[PDB]
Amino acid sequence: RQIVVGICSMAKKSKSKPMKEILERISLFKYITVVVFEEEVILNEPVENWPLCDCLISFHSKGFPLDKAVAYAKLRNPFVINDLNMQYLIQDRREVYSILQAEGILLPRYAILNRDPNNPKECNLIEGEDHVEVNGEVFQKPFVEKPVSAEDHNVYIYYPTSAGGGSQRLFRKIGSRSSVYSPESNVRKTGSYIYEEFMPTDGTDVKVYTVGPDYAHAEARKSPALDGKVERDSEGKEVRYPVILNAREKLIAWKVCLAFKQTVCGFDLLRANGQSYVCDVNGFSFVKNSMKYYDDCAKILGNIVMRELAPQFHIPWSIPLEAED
């Protein structure tokens, strides 16, 4: 019989352009059949009624019932491409940074401010005009303040008096803007945050996309920390700049992929002071608008499936050579 690869995510993701491009290419594998789980089934049907698969590609986004995905995998024991339990941890920036540290991955110096919503003023925070003290640890402005929830994209940067003070408030892109300046110089007074040192870059962030530990595509975009106007080309797509990862960065990608057990994994790099710092790990994420990535990603994922399962299905398989870039 055919090896069945099941795709389990919100419809917004399962029906996206990159997903469709990749799934058509995986379907080209002679012994692989692709089954996309309907969102109505995922949300409304008990896991006992979900389609069967031999390999599961499943990932959380807003609205996704991760508890059900975990129960399904426990019930059916498929080969899992992106580990489901780690997807709880990826939602919490504190857990992300903790894992990166444990792996010896360079990251910004940071401190966690845990605030009790009932006792908001009892937290370990002291504010000056040009610095904060978080659990005793000092951060001179400029510094970055991130919500502990990785799904909350309201990241603020606080400027020193020497630069005019105030703050840059970042957010999920709304049309032509990714951030705005505010005259507010004082930090947020409700919620829990990670405070971290601001790393000076050349004005771009590097986005890295892994497909297994030995392949990573990188590209750069204008930092939303700069002025907040999104750069678009003549076709209306956000401008991306070419990146080739160095040997240190290729190792970072290998480590992130393995540490979080996410075969397909997106993360952000800051090129600063002659090193590269990870500032965010997003989990399952495809490159957009690259034909070559569609080809490479589908080939790599199909090969992973065949490598793992071809012996069980008595299918002959000799492992092929793959690009790393």
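Throughout, we count residues from 1 along the sequence that is shown. By rigid core we mean the largest C-alpha set that fits within 1.5 Å across both forms.
- Between 119-127 and 178-186, the larger root mean square Cα shift in 9 other deposited structures of this protein, once each structure is superposed on the rigid core, falls on 119-127.
- Taking 146-154 and 224-232 in turn, the stretch whose Cα atoms are more displaced from the shown form in 9 other deposited structures of this protein following rigid core superposition is 224-232.
- Mean C-alpha B-factor is higher over 305-313 than over the other stretch, the pair under comparison being 305-313 and 15-23.
- Taking the PDB entry as given, 117-125 carries the higher mean Cα B factor of the two stretches 220-228 and 117-125.
- Sorting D92, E249, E196, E235 by the CA temperature factor given in the entry leaves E235 at the top.
- Between the residues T210, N154, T201, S179, it is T201 that shows the highest Cα B-factor in the PDB record.
- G274 sits in the highest third of its chain by CA B factor, as recorded in the PDB entry.
- For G166, the recorded CA B-factor ranks within the middle third of the chain. Only modelled residues enter the ranking.
- Residue-level temperature factors show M291 in the highest third of its chain, judged at the C-alpha atom.
- Among the modelled residues of its chain, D130 has a C-alpha B-factor that falls in the highest third, as given in the PDB entry.
- Ranked by Cα temperature factor within the chain, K255 sits in the lowest third according to the deposited record.
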